[PDB]
There are 2 protein chains.
Amino acid sequence: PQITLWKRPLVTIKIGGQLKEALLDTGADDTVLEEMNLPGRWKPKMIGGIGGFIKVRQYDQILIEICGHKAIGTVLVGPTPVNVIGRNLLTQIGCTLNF
Amino acid sequence: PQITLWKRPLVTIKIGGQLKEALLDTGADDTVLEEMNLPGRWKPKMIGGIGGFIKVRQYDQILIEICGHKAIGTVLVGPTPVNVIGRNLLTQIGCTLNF
Ligand SMILES: CCC(CC)CN(C[C@@H](O)[C@H](Cc1ccccc1)NC(=O)O[C@H]1CO[C@H]2OCC[C@H]21)S(=O)(=O)c1ccc2c(c1)CC[C@@H]2O
């Protein structure tokens, strides 16, 4: 799709068999989701945003479908204010900025 | 133009007679720029993201040029670690997400 930006670019995602809403965030290097249950192993990781650093659970090679487009990559899980899809997965679904 | 997301979508902007580097950020409602002593009136604001909140100064009707595209709108100035062009200005230069 072509998505204008008068509203937040929110889309439905499928991860671990569960549907969720997430923000397409070109300013995020990484994909960070709010606390949830995800199967498999994970590693403690630190990520920094506008207000400082937080602890997250890093899940590697996770299947995630974004607006009908499949991706397989790293998903960070922790106290982010909102679910964000970052560039690590935006590149997989072929997302570009255009103006 | 078309900007891929392999790397951060950094562009040159002109604001307050100065050139800066900023991210084209679809995850930011509004624009947030590094500390700069802009002239005119402002109102305090608190904005939150990963890690918590920072204090910023809200300036209204500020002229910004983004890759030669002129825009005018709200700019939040404060100790942000990165300059981000948000949707309030991305809409004005005709920026869309496409996949
Ligand atoms: C709310 C969703 C989102 C935060 C998840 C909102 N952010 C925008 C998002 O793109 C930030 C931009 C950024 C900030 C610092 C350093 C680099 C990039 N990226 C982000 O945190 O990415 C994380 C995960 O990947 C990693 O890569 C980069 C950093 C790590 S914001 O900056 O905090 C913001 C902006 C305007 C405004 C607000 C909040 C409130 C009102 C105002 O309009």
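Here is the naming used below: chain letters follow the sequence lines, and residue numbers restart at 1 for every chain.
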(request) Would you check, one step at a time, whether the test side-chain contact (heavy atoms from CB on, under 4.5 Å) holds for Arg8(B) with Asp29(A)? (result) CA-CA 7 Å; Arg8(B) 292 189 171 189; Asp29(A) 302 343; 2.8 Å; yes

(request) Check the hydrophobic clustering (I, L, V, M, F, W, Y; side-chain heavy atoms under 4.5 Å; chains of links allowed) and say if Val77(B) and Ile54(B) are grouped together. (result) no

(request) Is it possible for you to say whether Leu38(B) and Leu89(B) belong to one hydrophobic cluster, with membership spreading through side-chain heavy-atom contacts below 4.5 Å? (result) yes

(request) Might you point out which heavy atoms bring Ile3(B) and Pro9(B) nearest each other, and give the distance in Å? (result) CG2-CB, 4.1 Å

(request) Supply the atom-to-atom distance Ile66(A) CD1 to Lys20(A) NZ, rounded to the nearest 0.5 angstrom. (result) 14.0 Å

(message) When you compare the side chain of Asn83(B) with that of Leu23(B), does any pair of heavy atoms fall below 4.5 Å?
(response) no

(message) Quick check: do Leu19(A) and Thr12(A) have side-chain heavy atoms less than 4.5 Å from each other?
(response) yes

(message) With clusters defined by side-chain heavy atoms of hydrophobic residues (ILVMFWY) lying less than 4.5 Å apart, directly or transitively, does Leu5(A) cluster with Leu10(B)?
(response) no

(request) Could you tell me whether the side chain of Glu35(B) reaches within less than 4.5 Å of the side chain of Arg57(B), counting heavy atoms only? (result) yes

(request) Determine, step by step, whether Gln92(B) and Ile72(B) satisfy the side-chain contact (heavy atoms from CB on, under 4.5 Å) criterion, reporting the C-alpha distance in whole Å, the side-chain angles of both residues, the deciding distance to 0.1 Å, and the verdict. (result) CA-CA 8 Å; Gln92(B) 301 188 29; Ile72(B) 172 161; 4.1 Å; yes

(request) Could you give me the CA-CA distance, side-chain angles and deciding distance for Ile15(B) and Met36(B), then say whether side-chain contact (heavy atoms from CB on, under 4.5 Å) is met? (result) CA-CA 10 Å; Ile15(B) 178 181; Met36(B) 63 187 309; 4.1 Å; yes

(request) Would you check if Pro79(A) and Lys55(A) make a side-chain contact, meaning some heavy-atom pair closer than 4.5 Å? (result) no

(request) Drop me the distance from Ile85(A)'s CD1 to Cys67(A)'s SG, to the nearest 0.5 angstrom. (result) 11.0 Å

(message) Is the shortest side-chain heavy-atom distance between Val82(A) and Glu34(A) below 4.5 Å?
(response) no

(message) Test of understanding: clusters of I, L, V, M, F, W, Y form through side-chain heavy atoms closer than 4.5 Å, transitively. Do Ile64(B) and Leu90(B) belong to the same one?
(response) yes

(request) Would you tell me whether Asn98(B) and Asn98(A) have side-chain atoms, one donor and one acceptor, within less than 3.5 Å of each other? (result) yes

(message) Regarding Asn88(B) and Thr31(B), do their side chains bring together a donor and an acceptor under 3.5 Å, going by distance alone?
(response) yes

(request) Could you grab the distance from atom CD of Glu65(A) to atom NZ of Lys14(A), nearest 0.5 Å is fine? (result) 6.0 Å

(request) Of all the heavy-atom pairs spanning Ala22(B) and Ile13(B), show the shortest one and how long it is. (result) CB-CD1, 3.8 Å

(request) State, yes or no, whether a side-chain contact exists between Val75(A) and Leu33(A) at a heavy-atom distance under 4.5 Å. (result) yes

(request) Dump the intermediate steps for side-chain contact (heavy atoms from CB on, under 4.5 Å) on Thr4(A) and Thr91(B), then the final yes or no. (result) CA-CA 7 Å; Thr4(A) 54; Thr91(B) 52; over 6 Å; no

(request) Identify the two heavy atoms, one from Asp60(A) and one from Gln58(A), that lie closest to each other, and give their separation to 0.1 Å. (result) OD1-NE2, 3.0 Å

(message) Quick check: closest heavy atoms across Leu76(B) and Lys45(B), and the distance to 0.1 Å?
(response) CD2-CD, 4.0 Å

(request) List the atom of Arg87(A), the atom of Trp6(B), and the distance in Å for their closest heavy-atom pair. (result) NH1-O, 3.1 Å

(message) Testing the basics here: between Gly49(A) and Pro81(B), what is the closest heavy-atom pair and its distance to 0.1 Å?
(response) O-CG, 4.1 Å

(message) Do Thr26(B) and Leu97(B) have side chains that approach each other closer than 4.5 Å (heavy atoms only, starting at C-beta)?
(response) yes

(message) I'd like to know if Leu24(B) and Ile50(A) are part of one continuous hydrophobic network [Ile/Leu/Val/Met/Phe/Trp/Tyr, side-chain heavy atoms within less than 4.5 Å].
(response) no

(message) Below 30° counts as parallel, above 60° as perpendicular, anything between as tilted: where do the rings of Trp42(A) and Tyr59(A) land?
(response) tilted

(request) Mind checking side-chain hydrogen bond (donor to acceptor under 3.5 Å, both in side chains) for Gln18(A) and listing every partner two or more places apart, or none if nothing turns up? (result) none

